[PDB]
Structures are given as structure tokens and as C-alpha cells.
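To start, the structure itself, in C-alpha cells.
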Amino acid sequence: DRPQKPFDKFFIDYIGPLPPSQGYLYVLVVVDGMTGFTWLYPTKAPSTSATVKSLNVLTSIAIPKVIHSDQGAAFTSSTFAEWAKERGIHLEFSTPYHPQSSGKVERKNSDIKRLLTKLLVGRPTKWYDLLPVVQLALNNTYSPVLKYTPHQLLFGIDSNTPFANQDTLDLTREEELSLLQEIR
Amino acid sequence: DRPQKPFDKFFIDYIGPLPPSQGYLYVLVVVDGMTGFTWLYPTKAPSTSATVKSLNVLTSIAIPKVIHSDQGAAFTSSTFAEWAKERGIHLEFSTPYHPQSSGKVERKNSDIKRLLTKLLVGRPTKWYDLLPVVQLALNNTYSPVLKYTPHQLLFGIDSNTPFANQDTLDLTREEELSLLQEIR
Amino acid sequence: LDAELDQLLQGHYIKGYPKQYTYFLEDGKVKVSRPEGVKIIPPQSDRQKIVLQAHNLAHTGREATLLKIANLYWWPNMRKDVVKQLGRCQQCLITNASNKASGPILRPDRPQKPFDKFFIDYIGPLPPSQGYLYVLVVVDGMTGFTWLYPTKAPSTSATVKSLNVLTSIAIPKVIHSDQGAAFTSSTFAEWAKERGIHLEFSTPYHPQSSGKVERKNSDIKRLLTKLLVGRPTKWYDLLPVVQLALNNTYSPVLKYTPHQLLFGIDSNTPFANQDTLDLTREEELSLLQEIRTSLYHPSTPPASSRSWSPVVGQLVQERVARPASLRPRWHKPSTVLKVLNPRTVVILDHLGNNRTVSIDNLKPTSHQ
Amino acid sequence: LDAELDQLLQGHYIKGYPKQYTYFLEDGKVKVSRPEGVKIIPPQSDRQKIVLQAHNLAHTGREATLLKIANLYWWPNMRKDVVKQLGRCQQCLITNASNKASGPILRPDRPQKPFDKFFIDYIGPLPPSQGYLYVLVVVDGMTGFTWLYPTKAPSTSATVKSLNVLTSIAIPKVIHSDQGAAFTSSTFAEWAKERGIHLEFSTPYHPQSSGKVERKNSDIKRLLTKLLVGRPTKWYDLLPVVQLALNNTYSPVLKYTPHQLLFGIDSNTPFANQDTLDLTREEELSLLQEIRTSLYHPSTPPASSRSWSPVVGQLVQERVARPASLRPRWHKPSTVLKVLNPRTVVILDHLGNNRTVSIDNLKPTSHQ
DNA sequence: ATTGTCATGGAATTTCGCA
DNA sequence: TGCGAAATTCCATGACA
DNA sequence: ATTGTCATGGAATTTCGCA
DNA sequence: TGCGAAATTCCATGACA
Ligand SMILES: CC(C)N1C[C@H](C)n2c(c(O)c3c(=O)n(Cc4ccc(F)cc4)nc(N(C)S(C)(=O)=O)c32)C1=O
Ligand SMILES: CC(C)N1C[C@H](C)n2c(c(O)c3c(=O)n(Cc4ccc(F)cc4)nc(N(C)S(C)(=O)=O)c32)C1=O
Ligand SMILES: [Mg+2]
Ligand SMILES: [Mg+2]
Ligand SMILES: [Mg+2]
Ligand SMILES: [Mg+2]
Ligand SMILES: [Mg+2]
Ligand SMILES: [Mg+2]
Ligand SMILES: [N+]
Ligand SMILES: [N+]
Ligand SMILES: [Zn+2]
Ligand SMILES: [Zn+2]
């Protein structure tokens with residue numbers, strides 16, 4: 001077997017609904033399996049159409065050999081399957097109700113949700129503008145298991161934005177009682 | 001004394017009134033003394049103004065050291081004298097009622113009047129268009145006294161329009177009885 | 001195809017397939033173990049389609065196309081098959097730039113006499129002056145003597161009015177122009193024929209061909225510029241002044257002014273040359289003929305190391321004149337009928353018309 | 001003046017007046033009998049006025065001015081007095097063309113890392129497509145990897161929207177641009193400072209300076225052209241395709257694609273290179289660093305035989321950028337403050353501002 | 001205060017395949 | 001240890017408003 | 001069936017003035 | 001038969017839409 005590489009497998013998934021930001025409601029999450037690099041795209045819906053529109057952007061930069069997802073309707077449509085076939089991408093689905101990634105990806109997806117949650121309190125509506133800096137954080141975050149950040153693993157160089165401030169990522173007692181009010 | 005040259009002396013004079021041609025009535029006649037070369041300019045009047053306007057064209061091609069004329073009002077005005085002085089041209093007048101040129105010029109001016117008269121009968125109104133071909137005729141007409149045409153003497157080459165048909169220049173019995181009708 | 005590749009697998013020798021390498025089957029595909037690594041040998045009947053896919057990714061030339069193919073494949077003489085396709089890609093052929101320079105310019109003989117050849121052209125639109133917008137420029141080929149005429153438009157009727165005034169002085173054998181509307185109209189052709197003047201036209205969009213008058217345009221604009229510094233651009237009244245000024249200016253290489261070459265004596269203008277004051281007009285016109293024949297004449301410069309020269313029957317392409325945005329800069333390939341001279345050709349154009357054309361407006365179609 | 005010329009007449013010797021010629025009085029004017037003929041020697045106090053009249057006829061340079069004067073006059077060292085005036089003619093100085101070429105170009109070091117330097121520029125207006133008119137082009141200096149963004153206008157707000165999307169991937173140290181309105185706005189400066197990006201600007205009207213992105217523009221338009229042959233110019237939908245196509249195209253001199261220089265491995269695109277399949281990612285990023293440092297680097301070409309080089313305190317003139325019809329092509333003379341490098345200078349401009357400027361947009365003022 | 005670039009396809013040179 | 005031909009490298013040309 | 005040109009000002013070369 | 005400096009000639013540069 002050959003060693004794992006960037007672009008070998010992209011893990012994709014949706015997060016939402018969220019509070020409207022510039023009329024966007026969802027975030028399409030793409031994580032490279034090998035490097036742990038994350039790309040985010042804001043959508044208006046978790047549809048095949050919005051997935052195609054978004055991945056059209058990403059795949060004009062790099063094309064994965066395999067995309068993996070759960071059995072979201074968006075991903076199991078034959079429109080999405082035509083799209084992947086045109087591009088020579090193999091689609092891979094996890095069995096229903098049992099999502100499988102890798103340790104690395106699972107952890108990354110955890111961070112993303114946790115990071116998003118943290119910053120959308122206090123400003124549940126300003127997230128669209130924040131996506132760029134979320135990505136930079138995620139991608140310049142040190143990997144415990146490997147010695148390197150996704151940036152380093154993708155590009156083979158240090159980054160010009162090192163995020164030395166590995167944050168709390170947890171909710172302060174302010175933010176806790178603030179997120180129980182937006183719901184109530 | 002030094003031999004006579006082109007541009008040494010221009011002999012100028014007016015011919016008219018004539019029958020309106022494109023609203024022109026006079027012809028300003030310029031003849032180089034040495035070469036016998038002729039330039040013609042149609043004017044609306046024998047004024048200083050029209051003389052200046054016309055000679056402005058000629059003298060943007062070549063400037064004579066001396067202009068000679070009779071004592072026409074047009075030529076004796078101090079406007080015309082300012083003009084000549086600006087351009088460094090000496091003005092020379094023949095004494096009143098006694099016009100003096102040279103054999104060559106006198107003969108040329110005779111030809112011009114004779115030639116004009118000939119072609120303005122039958123078409124007393126089309127002369128404006130004819131000036132170019134009148135000039136070519138006059139300038140490519142052989143000089144009995146010198147071996148050469150004015151063209152040859154001015155440019156030192158043969159012309160591309162040799163006028164081998166040295167015409168009658170006299171009036172036919174048709175043209176005689178036709179010119180006695182335009183008057184009567 | 002499958003024939004060749006079968007023989008090859010059982011260790012036979014096929015021409016073009018070096019015997020020193022071990023060729024094998026794997027995944028249902030013939031492979032060879034090459035110093036660069038293991039590459040697939042596609043069947044001949046597959047190869048054109050591979051080259052094309054490779055090429056089409058970005059419409060790449062020889063090397064960049066080859067490098068893509070070489071990632072996955074090997075077969076004998078790949079570049080030959082690469083080049084084969086490049087020569088057949090209409091899109092590449094009509095969009096790409098040339099990389100061969102024209103042969104060195106010709107320096108045609110200076111017309112022998114004043115009035116043998118006029119070069120003419122328009123300058124403009126200039127800023128309005130007295131409601132005039134253009135200038136007709138007329139340059140005598142032998143002398144460089146120049147006539148300037150302001151016009152409201154670069155039109156045949158304005159050209160005709162102007163030349164009627166000029167031709168009063170003399171009639172020229174030939175008038176040379178570019179192919180501007182004013183000069184190619186049949187009204188203009190009548191007017192010329194009427195006077196026994198021959199019209200001679202530059203190859204299209206190649207103003208070098210009218211170089212005598214073009215070069216004079218520069219001088220005209222230059223002088224006008226200097227005169228108008230700090231004033232509004234009222235040039236109409238200056239044309240006469242410019243005309244006279246330029247016609248009486250020395251060309252340091254010739255040591256003569258255009259007026260001197262035309263008349264053999266200065267008129268009454270500032271700093272008039274007095275050297276022939278003691279000669280008769282006849283002795284003067286004699287020295288003039290002598291001066292006229294002994295003027296410096298430049299010779300054709302050295303070829304660039306990568307110039308190309310036109311050959312009868314060769315595929316060449318004409319440059320598109322006023323190409324629209326995102327449209328090819330070259331017309332479809334065409335054929336050289338006659339080689340008028342090393343810098344001018346007649347081509348048959350796929351329509352197919354005869355077109356007389358400058359080599360500068362051509363490229364030789366690549367890959368034959 | 002009259003002093004010098006009196007001594008001279010009575011056969012005394014004055015420096016500069018060769019004694020072997022006979023100087024005399026005639027018509028109240030000092031004359032000398034020269035091999036060319038008899039010429040007038042004007043008094044020194046007259047000479048400046050003569051040169052000026054000579055020169056002004058057509059605003060002629062050295063030789064043509066001299067030749068006029070020489071028709072009537074002689075005096076010692078005429079050209080010195082000729083040149084003196086040419087150096088003082090504002091009109092000649094700001095209208096005439098240069099006749100000295102710039103020194104040979106610099107070939108700056110390729111930025112060491114991806115993301116060290118971005119070069120950016122707009123292309124357009126293009127024909128409308130989906131109501132878009134322009135393209136923002138972003139080229140990473142080290143890799144040549146490129147990002148394309150369609151915009152309705154070459155505006156700061158469109159640039160900001162675009163770079164926010166791009167900078168999601170990485171933040172560059174420096175962004176280099178020309179001085180287009182979009183890039184010089186203070187809104188853009190804030191945006192850059194906010195992110196610790198340094199803005200670096202080309203000398204004005206010298207797109208060679210942005211040569212990395214400019215050169216890529218060409219490729220972009222070229223590919224778009226080929227793809228659109230025989231179709232209407234609907235380019236908006238093609239931008240992504242072009243981006244990917246170009247980023248994955250080999251540069252035959254480097255033997256790498258921009259994507260390869262950026263990532264060290266091909267993604268899943270046609271004819272993907274498979275050479276590092278057996279290396280670990282770590283071994284792969286190791287070979288990559290090695291590749292990156294050993295890429296071919298061109299060197300500065302030979303000087304032309306008539307190039308000029310800028311010196312501190314020298315009078316130079318800046319080329320006028322968008323000169324109006326019949327207006328000088330050169331600004332008034334100015335002074336070289338600092339020589340930043342052999343091809344770039346800072347000048348003080350008579351106003352006097354400091355301007356950082358390309359040598360290509362300068363000429364050395366003639367006749368000092 | 002900043003600075004040309006690089007795809008292209010014939011020609012030139014080097015390397016390969018074989019002896 | 002040298003040949004003919006194929007592969008590679010060289011590099012002037014031109015176009016990025 | 002047509003085809004570059006030539007002012008310009010430093011540098012290079014030649015000629016002049018004098019011995 | 002040779003020197004220093006002035007005169008002349010050479011010629012790359014660039015612009016004629
Ligand atoms: C429309 C008619 C036929 N016309 C068409 C062409 C445009 N043209 C003229 C014209 O007068 C001039 C120019 O003066 N110059 C400038 C020039 C450039 C180089 C050179 F060596 C000399 C001059 N270019 C021109 N062009 C031909 S270009 C090269 O722009 O296509 C033209 C026409 O009258
Ligand atoms: C208005 C803003 C400041 N701008 C001003 C200038 C016009 N410019 C751009 C710009 O993008 C381009 C170009 O792409 N090219 C084409 C080019 C020419 C030679 C070369 F080596 C590379 C490219 N020329 C340009 N010019 C500077 S020119 C030489 O016409 O003055 C410009 C600007 O954005
Ligand atoms: Mg899901
Ligand atoms: Mg009278
Ligand atoms: Mg024209
Ligand atoms: Mg023209
Ligand atoms: Mg720009
Ligand atoms: Mg640009
Ligand atoms: N010729
Ligand atoms: N550098
Ligand atoms: Zn192609
Ligand atoms: Zn001047």
C-alpha cells in the first residue's frame with residue numbers, strides 16, 4: 001500500500017441551519033484526509049445544487065480522487081453523481097446512522113463545530129465575514145499527532161499567520177448564559 | 001552683376017472682373033521673372049486682403065526677393081507693405097500709366113490673357129475649374145528665346161505633361177461671333 | 001495496434017521499440033520499465049486520442065503537451081505524434097503568436113526625379129481648428145518636399161480638391177497611398193486616370209510601405225507641438241508655416257533641404273544658401289542633376305538570426321487587422337501564390353481571393 | 001564683441017581665429033575668406049541671436065541648425081554656441097524623442113516561498129458576460145499559481161471581496177500591484193494593514209514591473225480565445241476552467257506546473273504525475289523544498305551599445321503618461337535624488353515632489 | 001519608496017541504442 | 001568508441017491595455 | 001498587384017591649425 | 001609628420017494612428 005497524500009480523499013459535510021448571515025444558512029465543510037486542511041463554503045441550503053456550485057470553486061483549485069460523506073440527500077442524488085463522474089471523482093458513503101472518517105478528520109470536524117459555536121455567540125449573524133479567519137485558524141492549528149499544521153503539510157512551508165494563541169475553544173460563563181438566552 | 005535666378009522677382013497683377021465662377025471674379029497672376037513660371041489665384045476682389053490671402057499660399061512654397069507690380073490700390077496699400085516687410089520682400093512699382101516688366105514677362109502675360117479669353121468663351125463660368133490646366137499649359141509651353149519651358153527652368157527636369165499641341169490661341173470664327181453675343 | 005503489442009509481449013523485436021527494455025502485461029495494459037519509471041504503452045489506435053486530450057487541457061505547444069503525456073505513457077517517437085496534432089489544431093494555429101521574425105527590410109531606390117512619385121496620407125483626427133480635423137500630407141519621393149492641406153474629413157472629395165490645387169504646379173507619374181477609404185474609392189481612380197497619374201497602393205495595414213510620408217507626419221506633428229506649447233491647439237493657421245519650415249530644413253545625412261533638391265536654389269527665406277550666386281541658372285541646374293544622382297542611399301540591414309522567408313506554395317497566415325476582444329489574431333492558413341519580392345507576397349486565402357500582403361503581416365503556419 | 005573684431009582687422013592675432021586666413025571689412029561687416037566661400041563674422045554680442053533665429057525656423061537639432069548658420073556666417077566654435085541654445089529650448093527639450101536606450105533589465109530573485117509575494121492586476125473591459133466586465137488576476141510569485149476573479153468593475157470593493165476569498169487559504173507577506181485606482185485607495189491600504197500584508201507598488205505606467213501577472217494575463221486571454229473560437233464570447237463560465245488548466249500546465253524551462261510548485265503533488269487531474277507515489281508526504285515535501293531552490297533563474301542581458309545610466313543630481317525628464325494630441329511627450333526637466341537601482345530612480349520634479357520612477361519612463365536631458 | 005516574464009517551435013546540442 | 005536519429009535543451013520572438 | 005524613413009545627439013573618426 | 005582640439009561623420013533610437 002502507498003502512503004496517504006493530499007487530495008487522496010476529501011471529507012465533506014454540512015453544518016446548519018444557522019442564523020441568517022448575508023442570507024446564508026449552512027456551511028459546507030471540506031477537509032482533506034491526509035493534511036487535515038479545511039475549506040468552508042457558505043450555502044443557502046444543503047441541496048445538491050449548492051454543493052455543486054461550491055465544490056465547483058474548490059475543484060477549480062484541486063480535485064480529490066475520492067470524496068467521502070454520509071448519506072445526505074444532497075450527496076446521494078444522481079445529479080451529484082453525474083458531477084463526480086464528469087470530474088473522475090469516486091464517491092464514498094458511510095453506512096447510514098454510522099459516520100466513519102479517521103481520527104484526524106473526526107477531531108477536525110469537532111474543532112470546526114466548536115470553533116463556529118464559540119464565535120457565533122455574541123454575534124450570531126456576522127459569521128459570513130468570519131469564515132476566512134476561521135479557516136486560517138483551523139489550518140494554522142498545530143496537530144498533536146503529526147508535528148505539523150495542515151498549512152505546513154499542504155504547502156511544505158511555515159505560514160505567515162501562525163496562530164500561537166491556541167485558544168480555550170470552550171464557552172466562558174458569559175457566553176454560556178448568552179447562548180441560553182438566544183434560544184430562550 | 002550676378003545672373004538672373006528663380007525667385008529673384010515675382011511679377012504680380014490682377015485680371016478682371018470676370019463672369020462669376022464659383023463666386024470668384026478676378027485672377028491674381030504671378031510670374032517668376034527668370035523662369036517665366038506662372039501661378040494663378042482666383043479672388044473675389046482685387047483688394048489687399050485677397051492679395052495677401054493668395055500670396056500667403058504661394059509664399060508658403062517659395063518667397064521672392066522682390067515683388068513687382070503696377071500702382072494698383074491693392075499693391076500700394078500700407079497693409080500690403082507691412083506684409084512684404086514682415087516677409088523680407090522688397091516691393092517694386094512701375095511708374096503710373098507706364099507698365100514695365102521684361103520681354104519674357106510681357107509675352108507671358110499676353111499669353112495668359114489670350115489663353116483665358118479663349119477658354120472662357122463657350123463656358124464663361126467654368127474657369128475656376130480650369131485654372132489648374134491653364135497653369136500646366138502655360139508652364140509647359142516652349143520658350144522661343146530660351147531653349148526651355150518654365151517647368152524645366154524651375155525644376156531642371158522634363159515634365160510629365162508635355163504640351164506638344166502648341167495651340168492656335170486665336171479665336172475661331174465660331175468663337176468670334178460667340179463672344180460678340182455674350183456682350184450683345 | 002493490438003497486433004504490434006502482441007508480438008512485443010512474447011519478446012519479438014519491433015522497430016522503434018528498443019529491445020534492451022523489458023515489456024510486460026499488468027492490469028490488461030502493456031507496460032515498459034523506463035529509466036524515468038514504468039509507463040503504459042497504448043496501442044497505436046489509441047495514441048491520437050491521448051495526444052489530443054493531453055493537448056486540449058490548455059492547448060499547449062510541443063514540450064508542455066509532451067510532458068503531460070510522459071507522466072503516464074511511453075511509445076516510440078511521441079513528439080512526432082504530438083506535432084502531428086499541433087499542426088491540426090485550428091485554434092492553436094490562429095491564436096498563437098509567431099516566433100520567427102521577418103527578413104530584413106528593403107530600401108527601395110529613391111525616385112529619380114521630382115514628381116516621379118508622390119507619397120500621401122492623412123493625419124488626424126486632430127483637435128478641431130477652424131472646424132478642420134485632418135491634414136492631407138503629400139511628400140515628393142525624390143525631394144521630400146511636402147504639401148499640407150487641412151480637411152474636415154479624410155475624404156475623396158477633400159483629397160480631390162487638394163490635389164487639384166497641388167497638380168496645378170506639376171503632374172506626378174505615380175501617387176502612392178495606403179488603402180484608406182479616400183484613396184481606394186473609384187472616384188479617386190477616375191480622377192487619377194483622367195490625368196494619366198498611376199495609383200500605387202501599400203499592402204494593407206503596413207504604413208512602413210508609405211514610410212516617406214509617414215516619417216514626414218512625425219516631423220509635422222513634432223513642429224506643430226513645439227509651436228503650440230502653452231497655447232491652445234489652433235493648428236490650422238500654422239500649417240503654411242510648418243510646410244515652409246520643414247521644406248527648408250536640412251537633412252544632415254544629405255546636406256540638402258527638400259526645397260534645394262526641388263529647385264536647386266534657395267528662395268528668399270532666412271539663412272538662404274548663396275553658394276551658386278555666380279553660376280548661371282543653366283550651370284546651377286547642371287550641378288543640381290549631379291547632386292540628385294549622388295545622394296546617399298541606405299542598404300538593407302542584416303537578417304535577424306531567426307527570420308523566415310516566404311516560398312511559393314507555403315502555408316502562411318495573415319494577421320487579423322482590427323481583432324475584436326478575445327478573438328484570434330490570425331486568419332486561417334493560406335497559400336503563397338507568388339513571391340513579388342523577399343518582403344511582399346500574393347496569397348490565396350481559403351475563400352479564395354488573391355491578396356497582396358506584407359511579410360510583416362504574415363506568419364508561416366507552424367508544424368507544416 | 002566690437003573690441004575683438006577691431007584688433008582682428010588690423011592683422012593682430014585673437015585666440016580661436018586662425019591667422020592663416022585673411023579677415024576684411026566690406027559693407028560695414030567683418031568677413032573672412034573660407035575654403036567654403038566668404039562668410040560674415042558677427043560680433044560676439046550678436047551670436048546668440050543668430051543661433052536662435054537659425055534654430056527657431058524649424059526647431060532643428062545640432063547639425064541642421066549649424067548648416068543654416070553656416071550659409072551666411074563663420075565664427076570660432078559655432079556648434080558650442082549651437083548646443084548652448086539647444087540646451088535652453090524648453091520646447092525642443094520636452095517634445096523631442098530620446099535617442100539613448102535604457103540599461104539592461106533586472107531579473108529580480110524569484111520569491112523564495114509560496115505566499116511571499118502576490119502580483120495582481122486587472123484585465124478588461126472584456127465583452128460583458130453575465131454582466132461581468134473585468135478579471136482580477138492573482139499570481140503567486142514563487143509558484144506562478146493563479147487565481148481568477150470576475151468583477152463588474154476594477155474597484156477596491158471588488159478587489160476586497162475577491163482577496164477575502166483567496167486569503168482564506170493563506171495570507172501573503174506582500175502584494176505587488178501597479179498604481180490602478182483599485183490598489184492605491186486608502187480602503188485597500190487599511191484592508192492590507194489589518195492583515196499584516198505589505199503593499200508594494202510598481203513605478204507608474206511600467207507594467208513590466210508587474211511582469212509575473214502581466215505575462216499570465218496573456219496566457220489567460222490566449223486560452224480564453226482558443227476556447228471561444230466560433231462561439232459567442234461567454235467567458236464568465238470559463239474562468240474556473242482556465243484557472244485550473246493554466247495552474248496545471250508545464251513550464252518547459254522549469255519542468256514543473258504551478259500546482260506542483262505549490263503542493264509538491266498533482267491532484268486528481270488528467271495525466272497526473274505519479275513519480276512520488278512511494279515517498280511519504282514528508283519525503284515528498286523534502287524533495288519539493290529542493291526543487292523550489294534549484295529552479296532556473298535568468299540573468300540580466302547585455303546592455304545595448306547606446307544605453308544610459310542614471311547618476312545622482314542629473315537632469316532627466318519623465319515621460320508624459322497620457323499625452324493629449326499635439327502636446328509634448330515629456331515633462332519638464334527634473335533632478336535624480338536617489339538611484340534605488342540601475343533601473344529605478346527617485347526624482348525631484350520642479351513642483352517639486354519626490355517621484356519613484358522607472359528608467360524606461362525617463363530620458364536624460366540633452367546638452368546638459 | 002523599487003526591480004520583466006515565459007509559452008513557443010525550429011535549430012543546436014546532447015544522449016540513446018546499438019555495435 | 002563511433003554512427004544516425006531521437007530527445008532534450010537552447011533561445012529569439014512577441015505580447016501581457 | 002509591390003518594397004521604411006530619417007531627425008537626433010553622443011561617440012567615433014577625420015581634418016585642421018600649427019609646427 | 002605629429003600633436004590636441006575642432007569638425008564632421010557615424011549610427012542606434014524611436015515614432016510616423
Ligand atoms: C484605415 C486606413 C487603411 N489606414 C490604416 C492603417 C491604420 N494606417 C493608416 C495610417 O495613416 C497609419 C499610420 O500612420 N500608422 C502609424 C505608423 C506605424 C508604423 C510606421 F512605420 C509608420 C506609421 N499606422 C497605421 N496602421 C496601418 S497600423 C500599423 O496602426 O495598422 C496606419 C491608414 O490610413
Ligand atoms: C491605470 C492603471 C494605473 N494602469 C495603467 C497602465 C495603463 N497599465 C495597467 C495595466 O494593467 C497595464 C497593462 O497590462 N499594460 C500592458 C503591458 C505592456 C507591457 C508589458 F511588459 C506588460 C503589460 N500596459 C499598461 N500600461 C501601463 S501602459 C505601458 O499602457 O502605460 C498597463 C494599469 O492597470
Ligand atoms: Mg451530514
Ligand atoms: Mg493691374
Ligand atoms: Mg493613412
Ligand atoms: Mg499614416
Ligand atoms: Mg493593471
Ligand atoms: Mg496589466
Ligand atoms: N527599387
Ligand atoms: N532581488
Ligand atoms: Zn490547440
Ligand atoms: Zn527648439
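Every chain in the C-alpha cells has a letter given in the order shown (A, B, ...), and although residue numbers restart at 1 in each chain, ligands are simply numbered from 1 in the order shown.
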
Would you kindly return, as a PyMOL selection string, each protein, DNA or RNA residue with an atom no farther than 12 Å from any atom of residue 3 (chain F), considering only C-alpha atoms (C1' of nucleotides) and excluding same-chain residues fewer than 6 positions away? chain E and resi 16-19

Could those selected residues go to a file with N, CA and C atoms (P, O5', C5', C4', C3', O3' and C1' of nucleotides), as a PDB file, in the first residue's frame?
ATOM      1  P    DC E  16      20.990   9.152 -22.080  1.00  0.00           P
ATOM      2  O5'  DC E  16      20.435   8.300 -23.307  1.00  0.00           O
ATOM      3  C5'  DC E  16      19.172   8.617 -23.845  1.00  0.00           C
ATOM      4  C4'  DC E  16      18.935   7.741 -25.053  1.00  0.00           C
ATOM      5  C3'  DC E  16      19.212   6.265 -24.848  1.00  0.00           C
ATOM      6  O3'  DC E  16      18.137   5.663 -25.491  1.00  0.00           O
ATOM      7  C1'  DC E  16      20.438   6.988 -26.705  1.00  0.00           C
ATOM      8  P    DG E  17      17.690   4.187 -25.095  1.00  0.00           P
ATOM      9  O5'  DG E  17      18.241   3.423 -26.375  1.00  0.00           O
ATOM     10  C5'  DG E  17      17.419   3.299 -27.518  1.00  0.00           C
ATOM     11  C4'  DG E  17      18.269   2.572 -28.525  1.00  0.00           C
ATOM     12  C3'  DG E  17      18.716   1.201 -28.053  1.00  0.00           C
ATOM     13  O3'  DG E  17      18.101   0.331 -28.985  1.00  0.00           O
ATOM     14  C1'  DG E  17      20.538   2.465 -28.953  1.00  0.00           C
ATOM     15  P    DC E  18      18.223  -1.259 -28.997  1.00  0.00           P
ATOM     16  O5'  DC E  18      19.610  -1.450 -29.780  1.00  0.00           O
ATOM     17  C5'  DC E  18      19.802  -0.926 -31.076  1.00  0.00           C
ATOM     18  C4'  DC E  18      21.256  -1.042 -31.505  1.00  0.00           C
ATOM     19  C3'  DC E  18      21.982  -2.351 -31.181  1.00  0.00           C
ATOM     20  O3'  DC E  18      22.221  -3.066 -32.413  1.00  0.00           O
ATOM     21  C1'  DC E  18      23.381  -0.442 -30.866  1.00  0.00           C
ATOM     22  P    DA E  19      22.950  -4.496 -32.536  1.00  0.00           P
ATOM     23  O5'  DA E  19      24.466  -4.076 -32.831  1.00  0.00           O
ATOM     24  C5'  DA E  19      24.831  -3.458 -34.040  1.00  0.00           C
ATOM     25  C4'  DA E  19      26.242  -2.924 -33.930  1.00  0.00           C
ATOM     26  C3'  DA E  19      27.313  -3.988 -33.681  1.00  0.00           C
ATOM     27  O3'  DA E  19      28.429  -3.788 -34.532  1.00  0.00           O
ATOM     28  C1'  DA E  19      27.541  -2.221 -32.182  1.00  0.00           C
TER      29       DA E  19
END

Write out as a PyMOL selection string which residues come within 12 Å of residue 11 (chain F) when counting only C-alpha atoms (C1' of nucleotides), dropping same-chain ones fewer than 4 positions away. (chain C and resi 99-100+305-306) or (chain D and resi 253+298) or (chain E and resi 6+8-12)

Nearest to chain H among C:211, C:104, C:28, C:114, with distances taken over only C-alpha atoms (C1' of nucleotides): which residue is it?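 Counting only C-alpha atoms (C1' of nucleotides), the residue closest to chain H is C:211.
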
Enumerate residues in contact with ligand 7: an atom-to-atom distance of at most 8 Å, counting only C-alpha atoms (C1' of nucleotides) and all ligand atoms. Format the result as a PDB file with C-alpha atoms (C1' of nucleotides), in the first residue's frame.
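What landed in part_16.pdb:
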ATOM      1  CA  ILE D 120      -2.079  41.344  -9.001  1.00  0.00           C
ATOM      2  CA  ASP D 121      -3.728  43.203 -11.857  1.00  0.00           C
ATOM      3  CA  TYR D 122      -6.961  43.700 -13.767  1.00  0.00           C
ATOM      4  CA  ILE D 123      -7.705  42.619 -17.270  1.00  0.00           C
ATOM      5  CA  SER D 177       0.391  45.879  -7.880  1.00  0.00           C
ATOM      6  CA  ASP D 178       0.534  48.695 -10.410  1.00  0.00           C
ATOM      7  CA  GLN D 179      -0.968  52.012  -9.341  1.00  0.00           C
ATOM      8  CA  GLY D 180      -4.508  51.427 -10.575  1.00  0.00           C
ATOM      9  CA  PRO D 207       3.720  47.056 -16.329  1.00  0.00           C
TER      10      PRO D 207
ATOM     11  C1'  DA F  17      -4.329  47.604 -22.091  1.00  0.00           C
TER      12       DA F  17
END

Please write out the residues within 10 Å of ligand 1 as a PyMOL selection string, counting only C-alpha atoms (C1' of nucleotides) and all ligand atoms. (chain C and resi 120-124+154+177-184+202-218+320-322+361) or (chain G and resi 4-5) or (chain H and resi 15-17)

Using only C-alpha atoms (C1' of nucleotides) and all ligand atoms, which residues of the polymer chains come no farther than 8 Å from ligand 3? I'd like the answer as an NGL selection string. :A and (13-15 or 69-72)

Save the residues we just selected, N, CA, C and O atoms, as a short mmCIF file (atom, residue, chain, number, x, y, z; two decimals), in the first residue's frame?
data_model
loop_
_atom_site.label_atom_id
_atom_site.label_comp_id
_atom_site.auth_asym_id
_atom_site.auth_seq_id
_atom_site.Cartn_x
_atom_site.Cartn_y
_atom_site.Cartn_z
N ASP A 13 -19.30 17.68 4.28
CA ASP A 13 -20.43 17.61 5.16
C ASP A 13 -21.03 18.98 5.36
O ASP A 13 -20.34 19.97 5.12
N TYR A 14 -22.29 19.05 5.78
CA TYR A 14 -22.96 20.35 6.01
C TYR A 14 -23.12 20.67 7.49
O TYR A 14 -23.20 19.77 8.30
N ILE A 15 -23.13 21.95 7.82
CA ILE A 15 -23.45 22.38 9.17
C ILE A 15 -24.55 23.42 9.07
O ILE A 15 -24.38 24.43 8.38
N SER A 69 -18.66 11.14 2.22
CA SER A 69 -19.69 11.81 3.02
C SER A 69 -20.61 10.78 3.62
O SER A 69 -20.49 9.58 3.31
N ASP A 70 -21.50 11.24 4.48
CA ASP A 70 -22.63 10.45 4.92
C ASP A 70 -23.71 10.40 3.82
O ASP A 70 -23.47 10.80 2.66
N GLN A 71 -24.91 9.93 4.15
CA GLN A 71 -25.89 9.69 3.11
C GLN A 71 -26.88 10.81 3.01
O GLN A 71 -28.05 10.59 2.72
N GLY A 72 -26.39 12.03 3.24
CA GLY A 72 -27.17 13.24 2.97
C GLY A 72 -27.84 13.15 1.60
O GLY A 72 -27.29 12.55 0.64
#

Contact residues (chain C, partner chain B, 9 Å, only C-alpha atoms) as number ranges by chain: C: 113-116, 147, 164-173, 195-196, 240-245, 247, 259, 261-269, 277-282, 285-286, 288-289

Write down as a ChimeraX atom specification the residues belonging to region 91-314 of chain C that are assigned helix (DSSP H, G or I) by DSSP computed on the backbone. /C:91-95,156-167,181-184,186-193,207-228,236-247,258-263,281-293

Cut-off 8 Å, only C-alpha atoms (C1' of nucleotides) and all ligand atoms, neighbours of ligand 10 as a VMD selection string: (chain D and resid 107 to 110) or (chain E and resid 3)

I need the chosen residues saved as a PDB file, in the first residue's frame, with C-alpha atoms (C1' of nucleotides).
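Output file selection26.pdb is given in full below:
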ATOM      1  CA  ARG D 107      15.708  39.864 -13.255  1.00  0.00           C
ATOM      2  CA  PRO D 108      14.683  40.031  -9.573  1.00  0.00           C
ATOM      3  CA  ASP D 109      15.112  36.933  -7.407  1.00  0.00           C
ATOM      4  CA  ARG D 110      12.115  34.589  -7.565  1.00  0.00           C
TER       5      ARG D 110
ATOM      6  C1'  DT E   3      13.211  45.702  -9.964  1.00  0.00           C
TER       7       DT E   3
END

Residues of chain D near chain G: apply a cut-off of 8 Å, count only C-alpha atoms (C1' of nucleotides), and supply the list as JSON, numbers by chain. {"D": [18, 61, 62, 97, 99, 366]}

Within 8 Å of chain D, which residues of chain H are there when counting only C-alpha atoms (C1' of nucleotides)? Please give them as number ranges by chain. H: 6, 12-14

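The space between CA of residue 311 (chain C) and CA of residue 200 (chain C) spans 24.5 Å.
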
Give as an MDAnalysis selection string every residue of chain D that touches chain C within 7 Å, counting only C-alpha atoms. chainID D and resid 57:58 63:64 68:69 71:72 91:92 95 126 221:226 229 245:246 249:252 271:274 325:328

Given 12 Å and only C-alpha atoms (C1' of nucleotides) and all ligand atoms, residues near ligand 4 as a VMD selection string: chain B and resid 11 to 17 26 to 30 46 to 47 68 to 76 93 to 94 96 to 100 109
